Amino acid sequence: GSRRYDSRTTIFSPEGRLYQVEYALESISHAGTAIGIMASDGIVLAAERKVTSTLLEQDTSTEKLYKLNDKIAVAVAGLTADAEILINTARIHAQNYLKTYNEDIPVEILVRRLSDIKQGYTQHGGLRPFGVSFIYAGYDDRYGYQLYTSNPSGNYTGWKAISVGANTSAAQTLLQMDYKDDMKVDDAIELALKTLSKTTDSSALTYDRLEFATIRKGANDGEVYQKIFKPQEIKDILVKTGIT
Amino acid sequence: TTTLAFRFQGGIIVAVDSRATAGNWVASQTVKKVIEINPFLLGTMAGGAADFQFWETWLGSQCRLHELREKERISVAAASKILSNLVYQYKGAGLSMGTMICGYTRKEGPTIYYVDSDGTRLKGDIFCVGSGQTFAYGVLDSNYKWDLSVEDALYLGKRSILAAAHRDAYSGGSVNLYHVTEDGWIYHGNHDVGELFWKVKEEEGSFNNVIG
Amino acid sequence: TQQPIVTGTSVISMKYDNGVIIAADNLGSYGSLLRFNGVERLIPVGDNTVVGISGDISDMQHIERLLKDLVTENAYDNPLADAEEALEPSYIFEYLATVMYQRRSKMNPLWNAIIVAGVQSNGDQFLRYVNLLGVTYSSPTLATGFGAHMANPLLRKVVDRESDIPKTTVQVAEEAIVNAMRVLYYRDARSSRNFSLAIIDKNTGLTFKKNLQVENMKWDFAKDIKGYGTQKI
Amino acid sequence: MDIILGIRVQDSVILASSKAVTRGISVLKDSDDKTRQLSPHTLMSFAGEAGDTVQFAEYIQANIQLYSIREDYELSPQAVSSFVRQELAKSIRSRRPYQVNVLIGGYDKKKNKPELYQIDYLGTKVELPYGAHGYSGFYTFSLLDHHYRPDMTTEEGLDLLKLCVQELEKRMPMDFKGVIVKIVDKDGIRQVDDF
Amino acid sequence: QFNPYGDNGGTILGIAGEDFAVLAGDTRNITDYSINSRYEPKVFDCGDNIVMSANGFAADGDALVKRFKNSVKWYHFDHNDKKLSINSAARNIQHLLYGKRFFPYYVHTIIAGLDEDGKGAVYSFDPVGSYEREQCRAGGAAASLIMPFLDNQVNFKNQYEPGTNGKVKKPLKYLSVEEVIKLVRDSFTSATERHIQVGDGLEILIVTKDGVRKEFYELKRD
Amino acid sequence: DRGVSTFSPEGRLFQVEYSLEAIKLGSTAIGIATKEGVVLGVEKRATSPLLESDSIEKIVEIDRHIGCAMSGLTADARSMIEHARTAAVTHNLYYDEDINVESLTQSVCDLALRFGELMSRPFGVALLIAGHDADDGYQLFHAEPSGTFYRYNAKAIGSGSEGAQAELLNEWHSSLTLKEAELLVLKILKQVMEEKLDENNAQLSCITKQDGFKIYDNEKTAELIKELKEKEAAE
Amino acid sequence: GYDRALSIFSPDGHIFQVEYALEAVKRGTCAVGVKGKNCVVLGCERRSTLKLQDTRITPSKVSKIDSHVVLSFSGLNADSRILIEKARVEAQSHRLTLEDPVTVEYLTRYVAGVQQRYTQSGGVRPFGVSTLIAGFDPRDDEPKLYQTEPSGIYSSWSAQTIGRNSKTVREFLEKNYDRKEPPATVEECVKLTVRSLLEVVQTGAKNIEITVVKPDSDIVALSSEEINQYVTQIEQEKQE
Amino acid sequence: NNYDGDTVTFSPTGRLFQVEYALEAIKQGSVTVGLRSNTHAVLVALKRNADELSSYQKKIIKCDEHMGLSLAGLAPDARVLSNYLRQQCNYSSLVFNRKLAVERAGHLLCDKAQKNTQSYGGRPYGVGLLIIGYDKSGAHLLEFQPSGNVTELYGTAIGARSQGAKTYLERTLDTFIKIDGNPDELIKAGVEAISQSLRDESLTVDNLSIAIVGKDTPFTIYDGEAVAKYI
Ligand SMILES: *[C@@](C)(CO)[C@](*)(O)[C@H](CC(C)C)NC(=O)[C@H](Cc1ccccc1)NC(=O)[C@H](CC(C)C)NC(=O)[C@H](CCc1ccccc1)NC(=O)CN1CCOCC1
Ligand SMILES: [Mg+2]
């Protein structure tokens, strides 16, 4: 019968590893680098677009950074199509929570459920896992500003600063070097860009090959604002830090 | 029916009548209305015979499975709640049940739980259930004290059923007594109302309304 | 839940020494309207059974198809289909009785009263009744509808108990059936003059009689009856 | 089941609930506690159809306790009340709806404010300074309209509550065998034994 | 609207002796004011020395007997031909009846036989499965006529010892098979006289250790 | 790969035969039947000394009149026991009587071959089912994952089974007392066990008509071990 | 639905998918459980290749199943969440029907039963997780410590360890733990747990987590400084 | 070789190897014999044990008062198929008040076994059955193979060394067929037939298993001291 053609996506190796999860991670390591840095007064999300073409429409584009609700955003590394499936699920999950409790969903609860979905694809169903790693940047009134990451295994962890995708080894060393706890948002913006500038596989880092976003309390009195940077706003912030 | 069970100094007394009716037709005078679920658990029956006889038997099977799985006798609370959760699933379907799950365990002590077919579950010291419950309450309440002896408690339970058996047209036949202690339940005989009424009338001097 | 539309009235039957007789008129009533006149309500199954049906005709036609299909199914992979493993009256009845009770249990009954008459392989007479409720009973004489009220009394004068069966010939038995059919024509407002009759004998086999008529009727005394009490003209 | 009351004062929420359980012409019990603790600082009283009341209360209790363990965090009274309302709002269009009316008294530790929610079996939620279910309201609301002030103490609230119970005991047809009174505040939930 | 139930009348009677048990029932089958059959048996040998009758709505009665007979057959298959005891049969029948608690078998079931000590046993059931072992039980249309007579003659109710000032009761004792059949025959002739749905014939099934015997008697046919 | 319910050229089911190898790796379990009762004994085999041996539950009650011992992948036995207990209690509910030991065993064995492509694989555990009923008296059954069960006068299963079975062949006779059977299980267990036999690493049980199924205490078994050693030194 | 039998027997009588799930446990960070006279302590390793971590929000290694029972694990982190969730639900369901919280043995038996079910169900792989479940039964002061593993077997332990280099720490506990006299106090129990982890960990900084469970739902997690004091004390006694 | 992985695959020469491997499980099974006259039909079965401490595996199963079979191969599969036959016999009785024909019994078994040989996932039955019975067309004997093939015979045998008993019956055909109205003599012929399949072992009291059905004889099984007459 059909047994002949089954890849058996949800099995262990003799060494106790999940083949498909490992190979999905190998796929993600070739994707554009995405960095998340958490400051005391906000969070930065920076991501490098995959080898851009000059005829690509840059201003009306979205590849790396997605909005889950007013208080939470994600940076993507891997298959974009896979990520969007998961993003729409996460967007719906947040609204279910709001409908039920009349309160915005706590960041971790959203992260756990999305990570539990990924876990399911590694234990049952015989389907391939989602080839996606997320960096979650968000705020709630319990833990304040939070950074998380999840990967195809469905395992998630919290971070002060973290990278996913390509050159994470080099990127994590640089972040570990210059990061400190009393850091501000504007400093974290500079760190995020400097790190990408040194770990990029491109010749020089430019505005058209980046996506950028901040989550500050920089709105008027005790409320959080999500800023998805425009092309011209990235061009300005790149000059202001002296990269171009 | 008339059934009662009350808690006291020396444990639990449980008393029931033995009549069954189909309208005004007296179908039986010798019905067992106490279920011996296990050596430490009793269940009383007031309402639909089949429903009680079927489900309280089933309850005993569930209690047996509990002590096999958990290597420990089931609590009175857990036993009563299995039954109450069962009848709640059938709520509206037309089951007719008013029972009392009576027993002793180490952690709980002597315990009585009223359970009925519309899902009510109540822990309590005194309960009377059935068509003649009010007649039993009248005698039981007016003579009840916590410090009753085992001898006096048995008699009050017996006398309360007799009171109802006399007045309630749908209660009678005979009285079945039970005493529940720390060691388990003890059966205290079947007492025909035919002989018991006159014996009580003469010795007690009560029932003056009746032509002696 | 149904209501019967096109209906068939009484089916009557009895036992005699060597076999069984069964009869039923050829009418399909539509309420008070005597709508259909060529309706056969006796249906043979093989050469040893006749099923007489009253009640809803649409359901009767459904039962016909079931019996027809039963004969086909019995013949499958059966070299002795026309011999030892042929359909017995008792097999045909039990099948119908099963169906009738299953349908009543699903609250969607076949709105019929049925009498299965036949002769078994060992020569024994078979005669049993079943209706929409799944109720079954057997008796020397059996009748449905008005037949139960008017025919049975007459047929029971011939065969009142078991011991009267050997003493009853086919001539005497058929005479009693034909007389009962006349009485039903006098008194049943949903009956017709035309009817069918069937004999199943252990010796002469199945005899199916069509297009019979009620005859030798008494009507002459009507001319003398005037008014309803005091009238003289 | 019959009488359940609720009063929100300056620093606490007070719930009063009748003790009688009546069936036909017999008062089966005169010490029934018609309430469940959903979390350390949230209490729900209930009244309605027999069986449904406890079954619903315990079902909610289990769900809130499950949440508390999972998140190692106590849900706000507002959040709990919204969850309860949605469950009742689902229920009303079910094959067999829960015929249960509830009052949710809680102390929000983040806001440092007492909160009282009234929710009927249809899923009709309202936040109130004082609330009641059933016929109780027809006596108590007018009385509380007069005597209630928003800055009252817990002791003033208990006297205000006594005034309600007295009125109910005077004019209500049925004997409801007094009330069990519970207080919800910053320090949690406690029961008044002598009322 | 379609009514799935009907009343086929008739009446049945079970009495238990020391080493025997009888289950009797009239052979008349009726609907409304008509007689369907004068001889339609409704007391059946079900094997393992168990006799059974389900009186009331005949269609349900037949279905139940049929199912119990089948239950006995599969009991043998599944438990190495073990004999089904009367107490085990009774419990099994409860589950058959209660299985249709919400669309009941409209019948009054009585079974008879010997218990595991060899003593006579009679069990009676309501339509939805409640059961009880008794020395004596009448069921069906004329149950209300026959039953009080049995209380008086089998269990000696309301009978005191002459000259004892109504203080000493008449002592209980087992009846012989001869004396029991006398009571059965008198019960049914009395029932036939005063109940229209009872008559035609009486069929009694007697159960001893030796097996199941039958006896038939004529009843008034009006 | 290959199908789960496949036949070998020799005419056996691969997965059933492979599950039998798993049972050979399992700890030893012995059962002996007498006219005075049936005795069941097992090797506990703790993997480490820190493991509390009393928590090792390889002898199990199904009903008051039926007991059970296991060997192999013991985790697989949980659902088998659960089914057996339900079957026993369910029959009591339907028939107001105790269920025959054979009928219980047959019910358990019906689960065995309910695997394929139902569960994904056969059970990796063998069961010794011991009990009593009024018809056939004291009985001992060996229930395999093949769906087959044999009745036995005595039977050993597990790693030391072939050696222990040969010993049971010589030692068993139809007039064995219960006390004699108790010592015989201990004797044979001590022979096939790796570590030295004592009350902590071995467990005894029995089923009698009078007292029903009972697992012995460590104090009771310890005395039977001491009684066994003394008797062997006495000749 | 996906039906494939993934867990199956091999010629030598092994179920490789279950055995390979144990290898995943062997890869996981070390976890240890030690029970004293009046308490149980659960110790857990945290690997130090991850700096720039946010320890406030990062999932903790020890999880509360109820107010009186805790669960730690070794193996796949994502798999453990599914077991913990099921366990927490069953804990509340037990309170609802039995009107009494679960015993530690019951909760363990349930979790172990789930794990077993995944070893002979079609279309699923076993859990790559072994658990240590500890706590106190309702109205009971006897400490309970149980272990489970992917196959589904479970058992009680005076002290036990699982995860990477667990054979080294088990060796330590086997000679250092006296059955006749367990750790009499909370301090003694925690110290022995920390000592055992120091045989394997590396540094006693932010690598060791300790959670103490006491009778009547009294559970608390130790902070960095509190644990560091045990590390400082042990090292000074070692230099001898 | 490459074409025996499952039952859904044909070999290049048109063979179903999984069905053939199931057939092999019958050959390994203990011998059992079936034979009949015009009045009676008899089953004789050599039972097998694990060792001296074990019981002897029961080979014969009752299906109805007038029908039953003996087995050879996987016993659990015989339990499934016999249970199916019990239900089919029972359906015929309840619905049609009719004893199931022995020929129809075979047709139903054939069709049940066949479905397992044409679908993916399933497997063939690993057992052969000898069905005897008495119905409206006299005595019958059927041989069932898990390929689906069912055959009506005067006599036959299946299992290990079944060729010896099959040869004997082929010689004795004219004699035993006319053993009418004599149960014991028909059994004697069946016992002598199965004896031609014995090696090193002989028929003992708890080894032999006999069953009979006939004109005025319900299907009954004889074991233990009840077969001592025929040794
Ligand atoms: C006191 C004695 C009465 O109030 C107690 O409450 C007892 C409790 C004991 C028996 C455990 N209750 C009864 O006796 C109970 C009253 C009752 C009846 C029906 C519904 C609710 C309560 N009686 C019964 O259950 C009798 C039992 C005897 C043996 C006849 N059974 C019936 O009434 C049955 C079954 C009732 C039923 C319930 C649900 C669906 C369908 C039916 N019904 C009949 O027997 C009908 N009746 C018999 C006479 O022939 C005409 C029809
Ligand atoms: Mg008349």
# chains A, B, ... in the order shown; residues from 1 in each chain; ligands from 1

$ residues_around --residues "region 154-162 of chain D" --least-positions-apart "5" --cutoff "8 Å" --atoms "only C-alpha atoms" --output "list in words"
residues 7, 9, 10, 11, 12, 14, 16, 144, 147 and 148 of chain D

$ interface_residues --of "chain F" --to "chain E" --cutoff "12 Å" --atoms "only C-alpha atoms" --output "ChimeraX atom specification"
/F:90-107,133-136

$ residues_around --residues "residue 202 (chain H)" --least-positions-apart "4" --cutoff "12 Å" --atoms "only C-alpha atoms" --output "ChimeraX atom specification"
/H:46-47,191-192,194-198,206-208,231

$ select_by_dssp --residues "chain B" --states "strand (DSSP E or B)" --output "ChimeraX atom specification"
/B:2-8,11-16,20-22,25-28,34-38,41-44,47,97-105,109-116,121-123,126-130,174-181,184-192

$ write_last_selection --atoms "C-alpha atoms" --output "mmCIF file, in the first residue's frame"
data_model
loop_
_atom_site.group_PDB
_atom_site.id
_atom_site.type_symbol
_atom_site.label_atom_id
_atom_site.label_comp_id
_atom_site.auth_asym_id
_atom_site.auth_seq_id
_atom_site.Cartn_x
_atom_site.Cartn_y
_atom_site.Cartn_z
ATOM 1 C CA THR B 2 -40.901 6.344 53.692
ATOM 2 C CA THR B 3 -37.125 6.272 54.340
ATOM 3 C CA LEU B 4 -34.914 7.969 56.935
ATOM 4 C CA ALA B 5 -31.351 8.076 58.194
ATOM 5 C CA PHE B 6 -29.923 10.166 61.027
ATOM 6 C CA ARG B 7 -26.487 10.730 62.551
ATOM 7 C CA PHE B 8 -25.868 10.453 66.301
ATOM 8 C CA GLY B 11 -22.988 6.314 64.520
ATOM 9 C CA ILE B 12 -25.830 6.224 61.971
ATOM 10 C CA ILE B 13 -29.321 4.722 62.130
ATOM 11 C CA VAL B 14 -31.028 3.881 58.829
ATOM 12 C CA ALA B 15 -34.695 2.846 58.661
ATOM 13 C CA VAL B 16 -37.043 2.198 55.727
ATOM 14 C CA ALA B 20 -44.296 -0.759 46.754
ATOM 15 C CA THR B 21 -47.265 0.812 44.956
ATOM 16 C CA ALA B 22 -48.610 1.210 41.428
ATOM 17 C CA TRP B 25 -52.652 -0.883 43.955
ATOM 18 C CA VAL B 26 -50.379 -2.294 46.670
ATOM 19 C CA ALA B 27 -47.915 -4.239 44.508
ATOM 20 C CA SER B 28 -45.662 -5.548 47.284
ATOM 21 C CA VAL B 34 -31.740 -0.598 51.526
ATOM 22 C CA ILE B 35 -28.875 -1.547 49.210
ATOM 23 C CA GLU B 36 -25.895 -3.200 50.857
ATOM 24 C CA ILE B 37 -23.264 -1.570 48.620
ATOM 25 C CA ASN B 38 -20.281 -2.785 50.644
ATOM 26 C CA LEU B 41 -21.706 1.626 52.743
ATOM 27 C CA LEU B 42 -25.521 1.676 52.578
ATOM 28 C CA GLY B 43 -27.956 3.231 50.086
ATOM 29 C CA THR B 44 -31.674 3.960 50.635
ATOM 30 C CA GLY B 47 -38.855 6.831 44.018
ATOM 31 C CA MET B 97 -34.739 9.147 42.704
ATOM 32 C CA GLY B 98 -34.339 10.329 46.291
ATOM 33 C CA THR B 99 -31.539 8.358 47.951
ATOM 34 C CA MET B 100 -29.250 8.521 50.967
ATOM 35 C CA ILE B 101 -25.673 7.293 50.767
ATOM 36 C CA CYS B 102 -24.785 6.355 54.349
ATOM 37 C CA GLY B 103 -21.459 5.013 55.601
ATOM 38 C CA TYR B 104 -18.370 5.337 57.776
ATOM 39 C CA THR B 105 -14.757 5.974 56.785
ATOM 40 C CA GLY B 109 -16.373 9.565 60.153
ATOM 41 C CA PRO B 110 -20.087 8.722 60.012
ATOM 42 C CA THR B 111 -21.533 10.554 56.985
ATOM 43 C CA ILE B 112 -24.928 10.849 55.246
ATOM 44 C CA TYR B 113 -25.473 12.323 51.763
ATOM 45 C CA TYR B 114 -28.898 13.117 50.286
ATOM 46 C CA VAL B 115 -28.901 12.627 46.493
ATOM 47 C CA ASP B 116 -31.920 13.053 44.181
ATOM 48 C CA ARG B 121 -26.486 16.600 46.661
ATOM 49 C CA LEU B 122 -26.498 17.527 50.373
ATOM 50 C CA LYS B 123 -24.406 16.449 53.347
ATOM 51 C CA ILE B 126 -30.900 14.063 59.516
ATOM 52 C CA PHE B 127 -32.904 13.318 56.371
ATOM 53 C CA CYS B 128 -36.320 11.799 55.632
ATOM 54 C CA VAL B 129 -37.211 10.960 52.034
ATOM 55 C CA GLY B 130 -40.379 9.586 50.434
ATOM 56 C CA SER B 174 -42.580 -3.788 57.383
ATOM 57 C CA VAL B 175 -39.655 -1.845 58.857
ATOM 58 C CA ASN B 176 -36.029 -2.648 57.979
ATOM 59 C CA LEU B 177 -33.426 -1.375 60.465
ATOM 60 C CA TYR B 178 -29.694 -0.770 60.056
ATOM 61 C CA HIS B 179 -26.994 0.559 62.387
ATOM 62 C CA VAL B 180 -23.721 1.882 60.957
ATOM 63 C CA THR B 181 -20.679 1.992 63.256
ATOM 64 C CA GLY B 184 -19.343 -1.272 59.469
ATOM 65 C CA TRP B 185 -23.113 -1.735 59.089
ATOM 66 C CA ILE B 186 -25.146 -4.109 61.274
ATOM 67 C CA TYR B 187 -28.600 -5.389 60.285
ATOM 68 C CA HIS B 188 -31.266 -5.102 63.013
ATOM 69 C CA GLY B 189 -34.065 -7.209 61.542
ATOM 70 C CA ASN B 190 -37.323 -7.037 59.600
ATOM 71 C CA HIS B 191 -40.309 -5.791 61.630
ATOM 72 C CA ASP B 192 -43.810 -6.435 60.269
#

$ interface_residues --of "chain D" --to "chain G" --cutoff "12 Å" --atoms "only C-alpha atoms" --output "PyMOL selection string"
chain D and resi 54-72

$ write_last_selection --atoms "C-alpha atoms" --output "tab-separated table (two decimals), in the first residue's frame"
chain	number	residue	atom	x	y	z
D	54	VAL	CA	-23.74	23.46	42.48
D	55	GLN	CA	-22.75	21.69	39.23
D	56	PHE	CA	-22.16	25.06	37.56
D	57	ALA	CA	-20.40	26.64	40.57
D	58	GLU	CA	-17.97	23.72	40.93
D	59	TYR	CA	-17.33	23.63	37.16
D	60	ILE	CA	-16.33	27.32	37.23
D	61	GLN	CA	-14.29	26.75	40.41
D	62	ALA	CA	-12.32	23.96	38.70
D	63	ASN	CA	-11.59	26.11	35.63
D	64	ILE	CA	-10.34	29.11	37.63
D	65	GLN	CA	-8.21	26.83	39.83
D	66	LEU	CA	-6.75	25.22	36.68
D	67	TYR	CA	-5.84	28.68	35.36
D	68	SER	CA	-4.20	29.62	38.67
D	69	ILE	CA	-1.94	26.54	38.61
D	70	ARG	CA	-1.03	26.92	34.92
D	71	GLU	CA	0.00	30.59	35.11
D	72	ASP	CA	0.98	30.72	38.81

$ residues_around --residues "residue 31 (chain F)" --least-positions-apart "5" --cutoff "8 Å" --atoms "only C-alpha atoms" --output "ChimeraX atom specification"
/F:38-41,128,130,140,154-156,185

$ write_last_selection --atoms "C-alpha atoms" --output "PDB file, in the first residue's frame"
ATOM      1  CA  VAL F  38      -2.968 -21.358  43.914  1.00  0.00           C
ATOM      2  CA  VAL F  39       0.328 -19.602  44.684  1.00  0.00           C
ATOM      3  CA  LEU F  40       1.793 -16.750  42.622  1.00  0.00           C
ATOM      4  CA  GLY F  41       5.345 -15.428  43.095  1.00  0.00           C
ATOM      5  CA  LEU F 128      -0.138 -15.631  34.904  1.00  0.00           C
ATOM      6  CA  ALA F 130      -4.704 -17.524  38.992  1.00  0.00           C
ATOM      7  CA  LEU F 140      -3.783 -21.237  36.767  1.00  0.00           C
ATOM      8  CA  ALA F 154       2.489 -25.044  37.398  1.00  0.00           C
ATOM      9  CA  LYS F 155       4.141 -22.454  35.141  1.00  0.00           C
ATOM     10  CA  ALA F 156       7.152 -20.128  35.055  1.00  0.00           C
ATOM     11  CA  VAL F 185       8.021 -21.089  44.475  1.00  0.00           C
TER      12      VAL F 185
END

$ interface_residues --of "chain F" --to "chain A" --cutoff "10 Å" --atoms "only C-alpha atoms" --output "VMD selection string"
chain F and resid 1 to 3
